[PDB]
Amino acid sequence: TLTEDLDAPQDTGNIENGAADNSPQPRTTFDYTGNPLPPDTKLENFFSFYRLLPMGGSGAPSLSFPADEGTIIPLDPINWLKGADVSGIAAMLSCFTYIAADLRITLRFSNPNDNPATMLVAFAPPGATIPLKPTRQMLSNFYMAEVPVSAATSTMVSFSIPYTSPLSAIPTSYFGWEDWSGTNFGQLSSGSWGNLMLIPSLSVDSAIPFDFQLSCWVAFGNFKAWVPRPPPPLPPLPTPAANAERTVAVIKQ
Amino acid sequence: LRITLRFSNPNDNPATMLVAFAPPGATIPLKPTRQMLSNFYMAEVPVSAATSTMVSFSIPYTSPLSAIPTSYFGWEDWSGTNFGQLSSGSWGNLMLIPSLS
Amino acid sequence: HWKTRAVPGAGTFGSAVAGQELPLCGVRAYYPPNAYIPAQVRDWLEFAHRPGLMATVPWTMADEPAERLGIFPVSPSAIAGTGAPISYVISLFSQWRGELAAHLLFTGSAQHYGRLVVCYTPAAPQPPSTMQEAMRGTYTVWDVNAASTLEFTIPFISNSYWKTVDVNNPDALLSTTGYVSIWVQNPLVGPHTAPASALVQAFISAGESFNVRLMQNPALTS
Amino acid sequence: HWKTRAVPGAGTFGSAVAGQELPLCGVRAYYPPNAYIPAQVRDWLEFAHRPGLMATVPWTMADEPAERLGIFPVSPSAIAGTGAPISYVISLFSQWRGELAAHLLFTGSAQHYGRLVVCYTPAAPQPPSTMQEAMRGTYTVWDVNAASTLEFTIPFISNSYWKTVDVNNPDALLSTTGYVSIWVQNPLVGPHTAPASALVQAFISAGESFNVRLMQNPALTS
Amino acid sequence: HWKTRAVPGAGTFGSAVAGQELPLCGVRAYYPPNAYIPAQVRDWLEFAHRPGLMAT
Amino acid sequence: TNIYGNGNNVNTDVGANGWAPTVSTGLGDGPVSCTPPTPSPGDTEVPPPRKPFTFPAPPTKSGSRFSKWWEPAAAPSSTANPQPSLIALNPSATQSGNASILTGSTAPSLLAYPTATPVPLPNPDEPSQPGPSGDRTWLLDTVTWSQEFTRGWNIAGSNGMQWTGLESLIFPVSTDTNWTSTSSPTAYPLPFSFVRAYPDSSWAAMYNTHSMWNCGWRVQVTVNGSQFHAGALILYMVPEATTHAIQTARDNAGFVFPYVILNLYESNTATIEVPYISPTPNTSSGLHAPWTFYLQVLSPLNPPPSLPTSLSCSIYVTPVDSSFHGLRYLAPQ
Amino acid sequence: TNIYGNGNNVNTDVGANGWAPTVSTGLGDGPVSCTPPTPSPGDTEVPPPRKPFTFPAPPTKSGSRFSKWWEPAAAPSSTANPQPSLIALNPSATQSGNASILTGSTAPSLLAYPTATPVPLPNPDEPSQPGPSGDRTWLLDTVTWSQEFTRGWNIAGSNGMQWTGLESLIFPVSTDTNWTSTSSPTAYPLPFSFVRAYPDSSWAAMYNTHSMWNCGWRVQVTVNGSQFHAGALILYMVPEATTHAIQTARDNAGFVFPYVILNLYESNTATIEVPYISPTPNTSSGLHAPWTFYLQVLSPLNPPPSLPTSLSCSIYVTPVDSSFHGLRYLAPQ
Amino acid sequence: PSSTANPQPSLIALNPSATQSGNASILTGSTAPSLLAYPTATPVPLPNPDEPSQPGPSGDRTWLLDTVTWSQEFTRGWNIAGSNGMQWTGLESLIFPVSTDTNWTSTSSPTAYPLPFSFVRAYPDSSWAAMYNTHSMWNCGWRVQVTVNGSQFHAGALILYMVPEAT
Amino acid sequence: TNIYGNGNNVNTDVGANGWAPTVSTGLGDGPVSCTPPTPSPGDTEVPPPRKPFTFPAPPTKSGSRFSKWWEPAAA
């Protein structure tokens with residue numbers, strides 16, 4: 001403090017080194033004091049909450065698979081970023097290259113036609129051959145779930161998948177190939193958390209088979225993210241131009 | 001503040017409400033979408049087809065005002081008007097979007 | 001047999017809740033050891049301390065001493081439109097408190113001279129008008145040759161212990177603090193071999209004590 | 001796996017019950033410290049001790065010694081119509097026991113003289129008629145110049161340990177106690193410069209030991 | 001009486017899960033002793049060490 | 001019996017315990033709850049006049065907590081004695097920064113709410129406080145009392161805001177449009193109507209350019225009627241609210257606030273000592289006036305016949321232990 | 001309270017405990033989780049240059065565990081001292097295997113990420129590492145700087161891969177089809193564009209025939225403008241990703257990577273020290289280039305009038321603590 | 001000081017320095033001569049009995065007076081000043097009361113600014129200004145600071161006299 | 001076995017214990033119940049002719065319990 005100082009130290013510095021100094025300057029008449037950090041910042045606390053992933057290569061939020069045919073629902077974190085929205089789970093993982101967690105899915109699906117039904121949900125650990133046309137006997141060895149779905153609609157279910165990847169760290173972006181000879185550039189099919197293949201069933205087996213509709217929430221746990229990348233762009237606000245400078249920094253004056 | 005809300009759908013089909021809590025202050029999207037609404041906090045309320053399906057909630061005290069006024073004499077915006085009320089003192093907002101399969 | 005009655009929830013799926021999912025695997029398996037990947041990130045504030053570039057401000061040889069180069073107004077509304085870090089982090093959370101430092105480079109010839117004033121004026125109905133009125137709240141008259149960079153500190157001076165992140169109502173209480181500014185004081189001088197103009201670029205990185213809480217979807221798109 | 005049978009309740013939502021609501025948040029957050037806001041209220045009886053104004057009673061220079069200024073009858077029915085505190089608190093609860101004190105101001109010239117009698121007559125089929133019959137149960141003959149105010153105490157004399165708060169059946173047992181009263185005794189005297197009349201205002205505030213229980217909606221509207 | 005709300009699973013049959021099946025018998029009965037049958041196999045890797053003929 | 005029976009004495013959860021390892025466990029869930037933050041230090045200033053101004057927290061360490069990934073390692077009214085009527089002497093006096101007010105007879109004087117404990121300030125700066133000027137007792141408009149006012153008439157001088165002004169005040173503050181109308185004014189909000197009529201005073205000089213302000217207030221009214229006059233007044237000193245929510249043409253239960261009846265029988269004077277009640281440590285300048293001072297009539301004063309019907313009175317208002325934080329260009333208000 | 005209250009401080013299961021006897025019990029079920037394997041020994045090599053090469057695990061025991069059924073029994077930037085402009089002397093030098101680079105003025109030099117601890121290798125073999133050659137500082141293409149480049153122009157020499165080359169590169173590697181096009185090239189991936197132009201060097205001789213390779217990288221650029229020039233550059237050294245996901249015509253937040261601004265005001269030089277970040281201990285040869293080195297313009301250099309507009313610069317790239325595992329026939333790439 | 005043990009380098013060398021105040025502060029490069037004119041005298045008991053009212057900033061920090069333009073045609077001892085100075089003839093026969101605007105506006109002005117009088121002018125809003133009007137006797141120590149940055153090739157000099165009271 | 005087996009000798013809840021920390025807990029709920037008030041003193045008179053007329057409770061203290069918000073400290 002002391003108020004008026006002739007000799008007080010300068011605020012000059014250098015930001016050219018990679019490291020940036022953010023410590024507060026000791027200005028006179030100012031008592032700068034630290035603050036405790038509230039625990040919404042830590043990752044493992046912030047990613048433990050469910051969020052909605054974009055389904056398929058594109059065309060989120062929901063996927064509609066016709067009856068009698070299973071959809072494989074790839075869990076590649078690289079497939080999510082394709083056609084990824086600016087805001088969502090999709091674009092948050094774009095900040096880290098490598099992530100490791102036990103991915104907990106909760107998926108819900110609503111059958112428009114009115115009869116009760118059962119989905120058979122299986123998890124094929126990476127990598128595992130997905131049968132081209134799944135059969136109840138073949139699909140079953142992997143791991144089982146039987147989801148009774150309410151006749152009207154909206155029957156949920158949750159899952160807990162441990163971390164099976166042999167990559168140690170699954171990349172959210174990969175620059176290079178996969179096959180030695182083949183192409184498949186820019187992605188790796190063995191880094192991820194299995195696949196969920198699911199085959200619907202109907203006992204009545206009525207005509208007008210129709211199509212089921214679903215969407216799923218995904219929340220990591222025991223999360224670890226090894227190297228950062230810059231977050232995606234957020235569209236800026238419009239310029240009011242009536243009275244500027246109230247919001248939106250002016251410049252070039 | 002602990003809310004318990006119930007809602008009854010006159011038409012007969014089962015249904016689901018998606019109940020979210022936007023902590024004060026938070027921008028409420030003008031037209032909510034399932035993806036946008038979801039980040040905040042989630043609830044899935046299955047509602048009985050006939051009617052009367054309830055649900056409860058527990059909301060901790062999020063206000064930065066320390067104390068929320070039940071009457072406020074003064075303005076809110078510096079330039080704007082909004083006299084006699086403050087939009088940042090309260091307990092979020094519950095935005096909820098129905099759905100039918 | 002125990003006896004139980006069903007609390008009215010009866011199948012509601014929460015976002016934040018304990019357990020609730022049956023395991024879909026077994027044979028718990030260890031994850032290849034991964035001690036070798038560096039720079040492990042444990043926080044979202046570990047971004048807030050890595051700077052980002054708000055705006056490039058032109059500086060010119062022929063200019064008056066009173067003109068203002070730029071006047072960004074501190075806010076979750078104004079910073080979010082820049083695109084830097086903390087532009088994003090402030091946006092992804094619904095409340096913030098702390099003191100965010102604003103660095104300023106100088107990109108110019110080794111021979112240039114002049115003084116930028118960096119004013120910080122806490123909240124008020126109209127913005128500043130001139131250096132004379134604007135230059136009150138705080139300032140550091142900064143020479144352009146001492147270190148090649150200036151580390152300023154935007155204090156946190158305001159009522160509440162927290163500040164809301166608001167967009168649709170930007171000029172609202174608790175949603176803003178005062179304006180910053182950059183004013184000419186002594187215009188450039190230099191030999192006639194030296195370049196005509198020199199840019200001044202302004203970085204914003206949240207200093208120590210910057211904190212946030214209460215998750216919300218990014219508040220820019222919405 | 002445990003085994004359970006469902007008690008017939010099966011989804012009834014109570015008013016007073018433990019838990020029953022899934023948390024809709026997490027990241028428990030501390031509330032800015034608030035030690036500086038004074039006069040923190042911990043009770044509903046902390047209102048009952050702050051007086052309120054029942055009625056203003058006129059007093060006049062030309063009057064007989066036997067006339068009665070006012071005769072409020074104690075009750076949750078009579079007090080509730082006044083609008084004071086304890087008018088409201090008694091109303092918002094369904095039973096009350098205790099002794100509620102009745103203050104009386106005197107607003108008048110420094111020179112006035114006279115004696116109000118404050119009678120308290122416990123329950124009986126008809127009300128009082130005259131000071132002679134009314135003035136039995138208890139009274140304090142009060143001079144109008146000693147302190148400028150009189151602190152009386154309406155005792156609690158009645159059968160049961162509690163009293164119901166009833167409205168639709170006001171003249172009912174356990175719902176009332178006796179009447180109060182204010183009777184002239186010695187009419188005003190004063191010099192002929194002094195004002196003609198002087199008002200006497202009567203405050204009611206529940207004294208010590210006043211208690212209540214068993215919540216109900218305010219019993220006035222209903 | 002305890003009070004419980006039903007997590008959304010509500011009757012899903014897992015593959016790997018604890019219990020979930022009511023016993024259909026009782027009178028627990030010992031299995032004739034069987035110490036005499038040799039070459040008890042405890043692993044699937046105990047096959048991996050027994051060779052097989054790829055190609056001639 | 002561990003972590004059970006919570007919020008005892010009632011069959012409900014009162015959130016007796018802010019947090020337990022037990023609540024929110026996977027097996028069972030209770031309602032959530034909160035705990036106090038302790039934002040370390042700061043010029044501990046909250047309610048006057050208990051504010052020390054010394055910061056408990058260490059200053060300038062700026063330690064931080066999380067380890068950055070780019071660094072290798074880092075670390076009365078009792079009936080025992082009754083006050084006599086105004087005939088008896090009973091001297092008293094209430095002073096202030098310099099100006100002081102003597103009185104005779106009996107002067108009711110109270111301190112409305114006991115002074116609360118201090119709390120650490122959110123912002124870091126040194127408050128600038130001025131000894132008088134900005135202290136002492138400032139004289140607001142002297143209001144005339146008249147006989148024709150019935151019960152609860154809300155008498156006020158020329159500096160009060162009008163009834164309709166208490167709603168839809170407009171911007172910014174004093175436009176002179178809401179302060180001039182037929183029949184006015186009902187009452188004066190304390191922060192807004194003090195600056196008006198006193199721009200010269202330092203308190204006035206301040207509170208313009210300083211943004212957030214902190215003051216406790218004490219109001220004093222003086223009415224001396226002759227030994228033969230009879231009447232009463234009330235000083236409510238209502239905390240912030242619109243009059244419509246505070247009181248409408250009733251004023252019957254209005255004694256819950258601070259009141260201190262004047263009662264022209266035994267008293268010439270009344271005071272109130274009010275610590276300031278506002279959310280957040282410091283209100284913003286030019287808006288949000290927390291206290292509003294109403295002056296009402298319990299009983300119409302009927303003067304001795306043959307003497308003038310009107311009677312005069314004044315209102316003395318003064319800050320207590322003022323403070324300010326932050327600077328900026330001058331703002332009219 | 002045993003095995004309860006998990007992942008404290010939040011109302012959720014954070015998987016604080018990898019395993020407990022309690023979780024997955026018949027009575028109640030929690031989410032699953034994992035624990036580290038410790039695949040006993042192996043030439044403990046992971047990140048340069050902390051790699052010891054000595055195997056902790058016993059070698060040659062090959063004990064096994066399960067009992068076979070056919071055997072009977074078996075067993076800075078601190079403001080304390082600010083770096084002067086390029087006028088002042090302030091010598092510095094950064095050496096390497098043999099070649100070394102002197103500098104004057106102020107040279108910003110950093111080590112991007114702190115060196116991680118070693119981890120046991122999956123495969124069993126002895127890594128073959130060559131002292132220089134394969135060390136020292138190799139000179140990549142000298143790129144010309146020009147005035148007409150606006151902000152974020154991505155200047156690069158003749159050895160860089162073109163923009164469209166960063167997508168759909170094709171096989172195998174250099175076809176010369178993606179490396180020659182009008183206006184190029186945007187930037188050079190570090191592993192791929194180092195072998196190109198340096199087949200003779202041993203590092204080049206290796207990495208062809210050795211399959212998996214392990215190297216930390218350090219890049220250095222040298223620009224000396226006259227005391228009167230003004231401009232800036234940035235060295236991003238972006239980890240692996242397509243440019244489209246990394247940055248598109250914006251580069252506004254791109255400082256999250258390592259950066260080390262050149263800033264032709266006070267500096268002639270910049271370096272970066274990067275440990276290699278890739279999944280699995282060792283990347284495969286001929287594919288998967290983890291680091292990519294972008295060089296961008298913050299502000300257009302406007303030269304002193306009457307002097308030539310162009311300005312020249314070079315880029316020095318070198319490995320750190322190389323290693324290799326496994327052999328095979330020569331592969332072009 | 002001025003001791004020949006260590007000589008201050010020319011403006012080419014870096015040599016940082018800064019001089020702060022209540023809130024506002026002024027950085028500088030090169031060499032900044034800064035002195036304290038007279039050593040602080042000891043206190044003495046006040047004649048009057050009262051408590052002084054002193055304001056922390058506002059009324060502290062650094063107030064910016066008029067920015068004066070320097071021109072080449074000024075010979076030695078030209079007394080350059082801005083728009084807030086009192087004119088030469090104003091230094092004699094000022095008149096009452098204080099600023100009449102008659103002595104502050106004339107062809108060619110002004111020679112210099114008396115410190116107490118020309119500070120209030122141009123700063124009525126500041127608290128120091130709010131004070132010193134209504135408070136009668138005032139007590140302040142003063143510090144004045146001028147900032148001129150010419151290019152490495154300019155050559156010149158200035159002096160700051162800070163003359164005590166006299167015509 | 002704590003707070004269990006209530007109203008023994010019958011398969012029902014007899015309200016043997018008026019109150020326990022255990023009952024009404026969030027985890028489980030039992031039927032409610034009551035306990036005697038003891039309205040301190042008063043001329044202890046109820047059934048003749050055992051009535052003493054002497055008040056056990058202190059007379060004239062009128063202590064009260066809750067602390068009024070307008071008093072600084074009181075006890």
# chains A, B, ... in the order shown; residues from 1 in each chain; ligands from 1
call {"tool": "closest_atom_pairs", "arguments": {"of": "chain F", "to": "chain E", "cutoff": "12 Å", "atoms": "only C-alpha atoms", "output": "CSV"}}
result
residue,atom,partner,partner_atom,distance
F:26,CA,E:7,CA,11.2
F:27,CA,E:4,CA,10.2
F:28,CA,E:4,CA,8.8
F:29,CA,E:4,CA,10.0
F:30,CA,E:4,CA,12.0
call {"tool": "write_last_selection", "arguments": {"atoms": "N, CA, C and O atoms", "output": "compact mmCIF listing (two decimals), in the first residue's frame"}}
result
# COMPACT_ATOMS: atom_id res chain seq x y z
N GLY F 26 -24.63 -43.62 -3.91
CA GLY F 26 -25.32 -44.39 -4.92
C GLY F 26 -26.51 -45.12 -4.33
O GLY F 26 -27.57 -45.18 -4.96
N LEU F 27 -26.36 -45.68 -3.14
CA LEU F 27 -27.46 -46.40 -2.52
C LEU F 27 -28.69 -45.56 -2.19
O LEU F 27 -29.81 -45.98 -2.44
N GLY F 28 -28.50 -44.36 -1.64
CA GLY F 28 -29.63 -43.51 -1.29
C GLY F 28 -29.40 -42.03 -1.52
O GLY F 28 -28.27 -41.57 -1.40
N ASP F 29 -30.45 -41.29 -1.84
CA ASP F 29 -30.31 -39.85 -2.09
C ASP F 29 -31.22 -38.93 -1.27
O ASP F 29 -32.44 -39.10 -1.23
N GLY F 30 -30.61 -37.93 -0.64
CA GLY F 30 -31.27 -36.91 0.12
C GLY F 30 -31.25 -35.61 -0.65
O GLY F 30 -30.59 -35.49 -1.69
call {"tool": "closest_atom_pairs", "arguments": {"of": "chain A", "to": "chain B", "cutoff": "10 Å", "atoms": "only C-alpha atoms", "output": "CSV"}}
result
residue,atom,partner,partner_atom,distance
A:49,CA,B:41,CA,8.1
A:50,CA,B:42,CA,7.7
A:51,CA,B:39,CA,5.8
A:52,CA,B:35,CA,6.2
A:53,CA,B:35,CA,8.2
A:54,CA,B:35,CA,8.5
A:60,CA,B:35,CA,8.7
A:61,CA,B:35,CA,6.8
A:62,CA,B:34,CA,10.0
A:85,CA,B:35,CA,9.7
A:87,CA,B:36,CA,7.7
A:88,CA,B:39,CA,7.2
A:89,CA,B:39,CA,8.4
A:109,CA,B:101,CA,9.2
A:110,CA,B:101,CA,6.1
A:111,CA,B:101,CA,7.0
A:112,CA,B:101,CA,5.5
A:113,CA,B:101,CA,9.1
A:114,CA,B:13,CA,9.8
A:150,CA,B:14,CA,9.0
A:151,CA,B:14,CA,8.7
A:152,CA,B:14,CA,5.3
A:153,CA,B:101,CA,6.4
A:154,CA,B:16,CA,6.8
A:155,CA,B:46,CA,8.7
A:156,CA,B:44,CA,9.4
A:212,CA,B:101,CA,9.6
A:213,CA,B:101,CA,8.3
A:217,CA,B:38,CA,9.5
A:246,CA,B:79,CA,9.7
call {"tool": "interface_residues", "arguments": {"of": "chain C", "to": "chain F", "cutoff": "10 Å", "atoms": "only C-alpha atoms", "output": "VMD selection string"}}
result
chain C and resid 16 to 20 38 to 43 45 to 47 49 to 50 97 to 99 120 to 129 132 to 138 155 to 162 173 178 207 to 210
call {"tool": "write_last_selection", "arguments": {"atoms": "C-alpha atoms", "output": "PDB file, in the first residue's frame"}}
result
ATOM      1  CA  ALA C  16     -26.784 -35.919 -12.054  1.00  0.00           C
ATOM      2  CA  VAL C  17     -27.636 -39.008 -10.007  1.00  0.00           C
ATOM      3  CA  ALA C  18     -25.890 -41.963  -8.368  1.00  0.00           C
ATOM      4  CA  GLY C  19     -25.555 -45.229 -10.265  1.00  0.00           C
ATOM      5  CA  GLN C  20     -28.738 -46.295 -12.017  1.00  0.00           C
ATOM      6  CA  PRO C  38       2.522 -35.339 -21.247  1.00  0.00           C
ATOM      7  CA  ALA C  39       0.616 -32.171 -20.430  1.00  0.00           C
ATOM      8  CA  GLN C  40      -2.301 -33.924 -18.738  1.00  0.00           C
ATOM      9  CA  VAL C  41      -5.138 -31.431 -18.236  1.00  0.00           C
ATOM     10  CA  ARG C  42      -7.016 -31.622 -14.943  1.00  0.00           C
ATOM     11  CA  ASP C  43      -9.134 -28.432 -15.116  1.00  0.00           C
ATOM     12  CA  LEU C  45      -9.291 -23.142 -15.760  1.00  0.00           C
ATOM     13  CA  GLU C  46      -6.024 -24.468 -17.138  1.00  0.00           C
ATOM     14  CA  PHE C  47      -7.320 -23.019 -20.397  1.00  0.00           C
ATOM     15  CA  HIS C  49      -4.527 -18.933 -18.202  1.00  0.00           C
ATOM     16  CA  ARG C  50      -3.432 -19.469 -21.818  1.00  0.00           C
ATOM     17  CA  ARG C  97     -15.901 -13.939 -10.577  1.00  0.00           C
ATOM     18  CA  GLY C  98     -12.291 -12.890 -10.674  1.00  0.00           C
ATOM     19  CA  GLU C  99      -9.861 -10.513 -12.313  1.00  0.00           C
ATOM     20  CA  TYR C 120     -10.506   1.087 -16.897  1.00  0.00           C
ATOM     21  CA  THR C 121     -13.767   2.800 -16.011  1.00  0.00           C
ATOM     22  CA  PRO C 122     -16.282   0.900 -13.841  1.00  0.00           C
ATOM     23  CA  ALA C 123     -19.943   0.735 -14.717  1.00  0.00           C
ATOM     24  CA  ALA C 124     -21.999   3.796 -15.650  1.00  0.00           C
ATOM     25  CA  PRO C 125     -24.983   4.576 -17.896  1.00  0.00           C
ATOM     26  CA  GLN C 126     -23.135   6.104 -20.786  1.00  0.00           C
ATOM     27  CA  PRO C 127     -19.704   4.958 -21.997  1.00  0.00           C
ATOM     28  CA  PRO C 128     -16.659   7.242 -21.741  1.00  0.00           C
ATOM     29  CA  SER C 129     -16.269  10.124 -24.176  1.00  0.00           C
ATOM     30  CA  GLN C 132     -10.209  13.212 -19.723  1.00  0.00           C
ATOM     31  CA  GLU C 133     -13.411  11.561 -18.510  1.00  0.00           C
ATOM     32  CA  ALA C 134     -12.517   7.999 -19.400  1.00  0.00           C
ATOM     33  CA  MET C 135      -9.123   8.214 -17.768  1.00  0.00           C
ATOM     34  CA  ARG C 136     -10.265   8.218 -14.150  1.00  0.00           C
ATOM     35  CA  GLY C 137     -11.063   4.738 -12.843  1.00  0.00           C
ATOM     36  CA  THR C 138      -7.552   3.417 -13.402  1.00  0.00           C
ATOM     37  CA  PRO C 155      -9.663  -5.494 -11.340  1.00  0.00           C
ATOM     38  CA  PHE C 156     -12.950  -6.914 -10.144  1.00  0.00           C
ATOM     39  CA  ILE C 157     -14.923  -3.986  -8.755  1.00  0.00           C
ATOM     40  CA  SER C 158     -18.642  -4.578  -8.436  1.00  0.00           C
ATOM     41  CA  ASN C 159     -21.483  -5.303  -6.052  1.00  0.00           C
ATOM     42  CA  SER C 160     -22.142  -9.014  -5.915  1.00  0.00           C
ATOM     43  CA  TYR C 161     -19.745 -11.835  -5.179  1.00  0.00           C
ATOM     44  CA  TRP C 162     -20.539 -13.249  -8.618  1.00  0.00           C
ATOM     45  CA  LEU C 173     -26.892  -5.388 -13.683  1.00  0.00           C
ATOM     46  CA  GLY C 178     -16.954  -1.231 -16.570  1.00  0.00           C
ATOM     47  CA  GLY C 207      -5.339 -14.033 -14.229  1.00  0.00           C
ATOM     48  CA  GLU C 208      -5.217 -15.660 -10.839  1.00  0.00           C
ATOM     49  CA  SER C 209      -8.391 -16.022  -8.736  1.00  0.00           C
ATOM     50  CA  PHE C 210     -10.623 -16.278 -11.823  1.00  0.00           C
TER      51      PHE C 210
END
call {"tool": "atom_distance", "arguments": {"atom1": "atom CA of residue A:166", "atom2": "atom CA of residue E:51"}}
result
27.3 Å
call {"tool": "closest_atom_pairs", "arguments": {"of": "chain G", "to": "chain H", "cutoff": "9 Å", "atoms": "only C-alpha atoms", "output": "tab-separated table"}}
result
residue	atom	partner	partner_atom	distance
G:82	CA	H:16	CA	8.4
G:83	CA	H:14	CA	8.9
G:84	CA	H:14	CA	6.1
G:85	CA	H:14	CA	7.7
G:87	CA	H:12	CA	7.5
G:88	CA	H:13	CA	6.9
call {"tool": "closest_atom_pairs", "arguments": {"of": "chain I", "to": "chain E", "cutoff": "7 Å", "atoms": "only C-alpha atoms", "output": "JSON lines"}}
result
{"residue": "I:27", "atom": "CA", "partner": "E:2", "partner_atom": "CA", "distance": 5.8}
{"residue": "I:28", "atom": "CA", "partner": "E:2", "partner_atom": "CA", "distance": 4.2}
{"residue": "I:29", "atom": "CA", "partner": "E:1", "partner_atom": "CA", "distance": 5.8}
{"residue": "I:30", "atom": "CA", "partner": "E:1", "partner_atom": "CA", "distance": 6.9}
call {"tool": "select_by_dssp", "arguments": {"residues": "stretch 114-236 of chain F", "states": "alpha helix (DSSP H)", "output": "VMD selection string"}}
result
chain F and resid 190 to 195 202 to 205
call {"tool": "write_last_selection", "arguments": {"atoms": "N, CA and C atoms", "output": "mmCIF file, in the first residue's frame"}}
result
data_model
loop_
_atom_site.group_PDB
_atom_site.id
_atom_site.type_symbol
_atom_site.label_atom_id
_atom_site.label_comp_id
_atom_site.auth_asym_id
_atom_site.auth_seq_id
_atom_site.Cartn_x
_atom_site.Cartn_y
_atom_site.Cartn_z
ATOM 1 N N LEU F 190 -34.728 7.571 0.916
ATOM 2 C CA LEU F 190 -33.550 8.194 1.504
ATOM 3 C C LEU F 190 -32.324 8.486 0.644
ATOM 4 N N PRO F 191 -31.834 7.470 -0.168
ATOM 5 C CA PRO F 191 -30.649 7.861 -0.962
ATOM 6 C C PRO F 191 -30.902 8.890 -2.062
ATOM 7 N N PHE F 192 -31.978 8.729 -2.831
ATOM 8 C CA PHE F 192 -32.306 9.640 -3.933
ATOM 9 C C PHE F 192 -32.651 11.073 -3.575
ATOM 10 N N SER F 193 -33.445 11.256 -2.529
ATOM 11 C CA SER F 193 -33.874 12.581 -2.124
ATOM 12 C C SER F 193 -32.911 13.243 -1.167
ATOM 13 N N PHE F 194 -31.845 12.562 -0.774
ATOM 14 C CA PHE F 194 -30.814 13.269 -0.034
ATOM 15 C C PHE F 194 -29.858 14.008 -0.959
ATOM 16 N N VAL F 195 -29.471 13.396 -2.074
ATOM 17 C CA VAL F 195 -28.538 14.063 -2.968
ATOM 18 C C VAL F 195 -29.216 15.299 -3.502
ATOM 19 N N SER F 202 -20.046 17.074 0.347
ATOM 20 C CA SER F 202 -19.117 16.072 -0.146
ATOM 21 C C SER F 202 -19.802 14.734 -0.370
ATOM 22 N N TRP F 203 -20.618 14.292 0.575
ATOM 23 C CA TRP F 203 -21.345 13.051 0.376
ATOM 24 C C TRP F 203 -21.971 13.155 -1.005
ATOM 25 N N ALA F 204 -22.522 14.313 -1.329
ATOM 26 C CA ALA F 204 -23.114 14.521 -2.643
ATOM 27 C C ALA F 204 -22.068 14.483 -3.759
ATOM 28 N N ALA F 205 -20.898 15.061 -3.502
ATOM 29 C CA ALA F 205 -19.809 15.101 -4.476
ATOM 30 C C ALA F 205 -19.425 13.674 -4.741
#
call {"tool": "interface_residues", "arguments": {"of": "chain B", "to": "chain C", "cutoff": "10 Å", "atoms": "only C-alpha atoms", "output": "NGL selection string"}}
result
:B and (4 or 16-33 or 35-47 or 53-57 or 62-66 or 75-82 or 86-89)
